[PDB]
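Protein chains in written order, with the working numbering: chain L, -2 to 45; chain Z, 849 to 886; chain D, 263 to 369; chain G, 90 to 211; chain Y, 90 to 211; chain U, 3 to 132; chain W, 3 to 132; chain F, 3 to 132.
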Amino acid sequence: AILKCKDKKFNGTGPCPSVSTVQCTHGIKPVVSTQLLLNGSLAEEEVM
Amino acid sequence: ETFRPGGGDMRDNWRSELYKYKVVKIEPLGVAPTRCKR
Amino acid sequence: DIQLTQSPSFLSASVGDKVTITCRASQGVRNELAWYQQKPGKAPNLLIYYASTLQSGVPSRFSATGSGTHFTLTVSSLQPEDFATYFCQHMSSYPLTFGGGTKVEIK
Amino acid sequence: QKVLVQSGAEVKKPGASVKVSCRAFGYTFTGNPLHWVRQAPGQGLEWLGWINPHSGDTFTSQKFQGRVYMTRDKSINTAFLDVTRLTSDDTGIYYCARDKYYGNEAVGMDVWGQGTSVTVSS
Amino acid sequence: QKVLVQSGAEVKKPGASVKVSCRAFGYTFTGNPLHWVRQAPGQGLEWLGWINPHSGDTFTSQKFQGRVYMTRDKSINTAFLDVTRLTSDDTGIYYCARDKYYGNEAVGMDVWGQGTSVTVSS
Amino acid sequence: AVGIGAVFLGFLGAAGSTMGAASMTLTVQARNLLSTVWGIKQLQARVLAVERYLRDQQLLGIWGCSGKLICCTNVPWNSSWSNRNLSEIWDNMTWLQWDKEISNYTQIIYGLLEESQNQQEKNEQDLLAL
Amino acid sequence: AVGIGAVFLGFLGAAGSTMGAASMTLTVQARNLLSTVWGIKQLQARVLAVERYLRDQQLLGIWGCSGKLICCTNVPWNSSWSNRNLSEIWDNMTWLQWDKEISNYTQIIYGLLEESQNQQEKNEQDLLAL
Amino acid sequence: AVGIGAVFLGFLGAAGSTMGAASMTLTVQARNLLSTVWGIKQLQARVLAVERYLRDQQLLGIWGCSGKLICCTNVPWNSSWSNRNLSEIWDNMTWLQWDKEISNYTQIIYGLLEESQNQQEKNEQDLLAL
Ligand SMILES: *[C@@H]1O[C@H](CO)[C@@H](O[C@@H]2O[C@H](CO)[C@@H](O[C@@H]3O[C@H](CO)[C@@H](O)[C@H](O)[C@@H]3O)[C@H](O)[C@H]2NC(C)=O)[C@H](O)[C@H]1NC(C)=O
Ligand SMILES: *[C@@H]1O[C@H](CO)[C@@H](O[C@@H]2O[C@H](CO)[C@@H](O[C@@H]3O[C@H](CO)[C@@H](O)[C@H](O)[C@@H]3O)[C@H](O)[C@H]2NC(C)=O)[C@H](O)[C@H]1NC(C)=O
Ligand SMILES: *[C@@H]1O[C@H](CO)[C@@H](O[C@@H]2O[C@H](CO)[C@@H](O[C@@H]3O[C@H](CO)[C@@H](O)[C@H](O)[C@@H]3O)[C@H](O)[C@H]2NC(C)=O)[C@H](O)[C@H]1NC(C)=O
Ligand SMILES: *[C@@H]1O[C@H](CO)[C@@H](O[C@@H]2O[C@H](CO)[C@@H](O)[C@H](O)[C@H]2NC(C)=O)[C@H](O)[C@H]1NC(C)=O
Ligand SMILES: *[C@@H]1O[C@H](CO)[C@@H](O)[C@H](O)[C@H]1NC(C)=O
C-alpha cells in the first residue's frame, strides 16, 4: 500500500497524523531542471 | 601402463568438485493403507 | 538411588580365553542397560545397548544377556587390545549410574 | 563423522565457577540429547544430568540440583555446563556424550567428547 | 463425424480364434459404451454383448460367457472382440455400434461400423 | 527408560526413519516447499516451485483432504496395489521404499479419490436439502 | 433399461449437458486449470494462470467453501436475481446459459457471501468462548 | 440511539479502530492481497506477491486454520508473552500496537501451533481407526 500524508504544513519528516491509503500518487511530471523546480506541485498553505 | 596429462574440457574440472553432490526433488504426497475410515 | 554392582572387580586371563563379567542391580530394569569399555586415560566407548545388541563396529566376539536384575557380558575370545576397564550402566529411572568397574588383565 | 569437542583443561580454586563447553560435529545438534558425566581420578563415572538441545529442557541428578546448570546455543551447536561452588571432590574428567535416544527414550551414549580435565585445589 | 472402422474380413478354420477390431472417430471414445452384435447370412441380429471403454467393465450374453472376450485400448481409441472356438454357426457380419447411452443406461445404437465378415469352414 | 521430549532432526532428517516416526515430522518437510545470469536463474525457478506446490494443494483439495496433513478417505485399499500387512509397513520400512513399491498405481488411486470426493459432495448437498 | 456405470466425456465434454449432469464432472474441469521468442511466451502465461487459479481459490476460501466443489451457504437466494424454478434449471438448461443470464448480480452475491462468512467466523468464535 | 446498519471504511480504514471493530473488516484486507522498463516491473513483483500470499496460506494451513479468518487453537496463551487483560486489549487498543508489542514471540508461537496441528492430526487418525 501507498500511504499519503495529507497533513498540510508537513515538512517531510516525523509523525503525520492525517494519513490516507492510495492506489497511487498524483500525476508526477519528470521535469529535469536545476536551481528552479518547474511545473511542480505548490504548497497549499504557505512557502515550505 | 602409460599415463599422460590431459584436459581441454573444463567440465572435468567442475566434476572434481561436484562429485559428492546431487540434486533431488521432494515428493511430499503419499498414499498408504490404514484402518481409519472417513 | 539404584545400586549397580559388578563382579569380579579384578580378573586375570590369557589371550584366547573366555571372560564373563556379572552386572547386578538392586532394582529391576527390564532391558535398560548398557555396557561400555574405557581404556586408561581415554574416553569410554559403548559396547552393548539393550543388554543384548552390539554397537555398530563392535567385534562380534562380544555378547551380553540378561533381564531384570542379573546381567552378564561375555568376551568369547579374548584379544590383546581387549584389556581395559568395563562398565555396566542403567537408565530405567533417574539417576543414571555406572558400575563400580571391572578391569581385565593379561596372564 | 559424529564427534564432540570440548574446551581446554581448567584449574580453579574452591568456591569458584567453571564452564565446560561441548560442540558437536557430524550430526544434527538438536536431534539428540546430551549427557554430562564425570570420572574422578581412579574412580567410576558419575552422572550429573542430561539436556535436550531442541526444547532446552534439562534434568539434573537429585544430588546436584541447585548447583550445576546446563544450557545450549543452537546457532553454534554448543552445550555449556556451569558448575558452581567447586570443591576438591569435584576433580576429574568431565565428558559430554550423545545419547542414541531411539524411540524418544534413553538407550545409550555412543559418541563421547575428548574429556575436559577440571582440577580444584588451594 | 461419428464413425466406426473395423479390420478386414477374416476366414478361419473351426476351433481357431478371431480378433475383430473397432476404432472410433468423431467422438470421445471413453464417453459411450460399445455394443458387439452379429448377423448371420440371411438371419437376424444376435446381441453378443457390450463393453464400457472408460472403466473397462464388460457384459457378455449368458449364451456366450466363457467363449467371447472384450477389451479396449484408449491410447489408440480401439475396442477388440476375441471370439474363440469358432464353428460353422459363427459365420456372418460382426458389428460394433456406439450406444446413445443417455442417462447412464442403454438407449439405442446410432453409429455402426462397416461390419467385419468372418467365415468358418473346413 | 527416561526421556525429556521430542527432538528435531531437520528438514529431511526423518527420511531414514520408519513410517510411524517419519509421520511425526510431516510439517517439517511441508513448510520448506515454498521457500543478469544469476538473476534470471531465480524468477523462472520460483514460478516452477509455486506451480508444483499449487498442483499438490489442488490435488489434495479435490479429495476433501484440504488443510490436512493426515487424511482418511472412503476409498477401500485394493489389495492388488500392495499385499504387505501393516505390522511390516509402519514399523519396519521407510517412505522411500514405499514410494519405490507403489509407483505404478498412483494415478488410478488419485482418480478414485477424486470421484469419491465428488460423490461425497453430491451426497452432502442432497442430505442438507432435507 | 440396463447400465454398466458412468463414462468419461473429456475436459469440457459436459458443457452441452444439463446442470445436474454437468455437476457430476466438476473435478474434470477443476484439475485442468493449473496445467527465446517462444520461451518467454510461457513464463508470463504460466504466471497469469497461477494468479487466476489463486484468485478463484481465495474467493472460494473467504466464503467458507474452501476445499469444496459443491458448497451450501447461508445467503438466501434473492428472487430478483432469477425467477426460474428449479425444475426448469437443473434438468432443462446448461451452465453456459446460466452464466449468460446471471452475469449482472455476480459481485453483489460474492460480497454477500464474504460478509456472511465473516459473520459465521465471529459467531463460531463467540460460541467456542462459552 | 438509532442505527441503519454497517458501513464500509475501505481497504485499511479500520487500521485506527479497535481490535473488536477491526476484526469485522478482515475480509476487506484479505481480498486485496493478490490484486519494456515498466513491463518487467510487473512480472517479478507479481511473483513476490503470490509467494507472500502462499506463505501466509501455508502457515495458516499447517495450523489447522485453513480457509478461516478467525480460528481457535489448542495452544494455551503463555502469559509471559503478554500480561494485559482482555478488557484493555480488544476495546482500548488497535492491531498495530499489538504487532509492535508481540513482535518477539511470533516464531515460537507459530512452531507451537504447527506441532499442535500435527498432534491433532495424529489424534484424529487414531480416533477414526477405532
Ligand atoms: C536406524 O535404524 C536402526 C535399526 O534399523 C534403528 O534402531 C532401531 O530402533 C528401534 C526403535 O527405534 C528399536 O526397537 C526397539 O527394540 C527394543 C528391543 O527389542 C525394544 O525394547 C523397544 O521397545 C524397541 O521396539 C530397534 O531395536 C533398533 N535397532 C537397532 C539395531 O538398534 C534406528 O532407530 C534408526 N534410526 C533412525 C534415525 O531412523
Ligand atoms: C443433448 O441434448 C439432448 C436433448 O436436446 C439430450 O437428450 C435428452 O436426454 C434426456 C436425459 O438424458 C432425455 O430425457 C429422458 O426422457 C425419457 C423419455 O421421456 C425418460 O424416460 C428419461 O427418464 C429421461 O428423462 C431426453 O429424452 C433426451 N432428448 C432427446 C431428444 O433424445 C442429450 O442427452 C444431450 N447430450 C448430452 C451429452 O448432454
Ligand atoms: C478513533 O478513536 C476514537 C477515540 O480514541 C473513537 O471514538 C470512541 O468510540 C468509542 C466507541 O466507538 C466511544 O465509546 C463510548 O464511550 C462512552 C463512555 O461514556 C459510552 O457512553 C458510549 O456508549 C461509547 O461506548 C468513545 O467515547 C469514543 N471516543 C471519543 C473521544 O468520543 C473512534 O471511534 C475511533 N475511530 C475509528 C474509525 O475507529
Ligand atoms: C501554473 O500555475 C497556475 C496556477 O496554479 C496553473 O493554473 C491552474 O491550472 C489548474 C489545472 O490543473 C486549474 O485547475 C487551476 O484552476 C488553475 N489556476 C489558476 C489560478 O489559473 C497552471 O496550470 C500552471 N501551469 C503549469 C504549466 O504548471
Ligand atoms: C520539522 O522537521 C523537524 C526535523 O526534526 C521535526 O522535528 C519537526 O517535527 C517537523 N515539523 C513538524 C510540524 O512536525
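Think of the CB as a built atom: it goes at the ideal place given N, C-alpha and C, for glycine as much as any other residue.
Rounded to whole angstroms, the gap between the alpha carbons of Y:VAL94 and W:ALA3 is 27 Å. In this chain, the beta strand (DSSP E) harbouring Y:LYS101 covers 99 to 101. F:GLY69 belongs to the set of residues whose beta carbon lies under 8 Å from a beta carbon in chain W.
In the three-state reduction of the DSSP assignment, Y:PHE114 falls in the strand class. Of G:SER164, G:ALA129, G:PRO122 and G:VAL196, the smallest CA-CA separation from G:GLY204 is found for G:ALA129. The residue from D:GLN289, D:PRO270 and D:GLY290 with its alpha-carbon nearest to that of D:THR282 is D:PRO270. DSSP places W:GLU116 inside the alpha helix (DSSP H), whose first and last residues are 108 to 130. Contact check for U:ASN85 against U:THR20 fails: the beta carbons are separated by 8 Å or more. W:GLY66 and U:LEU130 have their C-alpha atoms roughly 16 Å apart. For the segment 107 to 127 of chain Y, the beta-carbon criterion of a distance under 7 Å to any beta-carbon of chain W is satisfied by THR117, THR119, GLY120, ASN121 and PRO122. Counting only the Cα atoms, F:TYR55 lies some 20 Å from F:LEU98. Judged by their CB atoms, G:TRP136 and D:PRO357 are nearer to each other than the 8 Å cut-off.
Cβ neighbours of F:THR96 within its own chain (closer than 8 Å, five residues either side excluded): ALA17, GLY18, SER19, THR20, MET21 and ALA24. Beyond the five residues adjoining it in sequence on each side, D:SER339 comes within less than 7 Å, by CB distance, of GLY278 and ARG323 in the same chain, given in chain order.
For the segment 326 to 341 of chain D, the set of residues with a beta-carbon nearer than 9 Å to any beta-carbon of chain U is empty.
Apart from sequence neighbours up to five positions away, the residues of its chain that approach F:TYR107 with a beta-carbon distance below 6 Å are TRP83, ordered along the chain. In the three-state DSSP reduction, D:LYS365 falls in the strand class (E or B). In this structure G:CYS111 is not in contact with G:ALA195, their Cβ atoms being roughly 18 Å apart against a cut-off of 8 Å. If you draw a straight line from the Cα of L:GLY11 to the Cα of F:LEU50, it comes to about 30 Å. Here the residues close to ligand 4, judged by CB distance below 7 Å to any of its heavy atoms, are L:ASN36 and L:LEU39 in chain order.
Only those residues of the segment 866 to 885 of chain Z whose C-beta falls short of 9 Å from the nearest C-beta of chain F are listed: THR882, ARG883, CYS884 and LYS885. Look at L:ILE(-1) here: in three-state DSSP terms it is strand.
With fewer than 16 neighbouring CB atoms inside 10 Å of its own CB, G:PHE114 falls in the exposed class.
Judged by DSSP in its simplified three-state form, D:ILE283 adopts strand. Boundaries of the beta strand (DSSP E) around G:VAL94: 92 to 95. Beta-bridge partners of Y:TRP201 (DSSP): Y:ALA186. Flagged as an interface residue toward chain F: L:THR18, by a C-beta distance shorter than 8 Å. Exclusion of W:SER25 from the 7 Å shell around ligand 2 follows from its C-beta lying no nearer than that to any non-hydrogen atom of the ligand. Comparing alpha carbon positions, the residue from U:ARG33, U:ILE72 and U:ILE6 closest to G:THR147 is U:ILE6. At the C-beta level, G:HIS124 and G:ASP188 come within 8 Å of one another. In the three-state reduction of the DSSP assignment, Z:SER864 falls in the helix class, which pools H, G and I.
Relative to the non-hydrogen atoms of ligand 1, the Cβ of W:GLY22 never comes closer than 7 Å to any of them. For the C-beta of W:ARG57, the chain F residues within less than 7 Å are, from N- to C-terminus, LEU36 and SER37. About 15 Å separates the beta carbon of Y:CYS185 from that of Y:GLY197, a gap too long to meet the 8 Å contact definition. For G:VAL157, the enclosing beta strand (DSSP E) has its first and last residue at 157 to 162.
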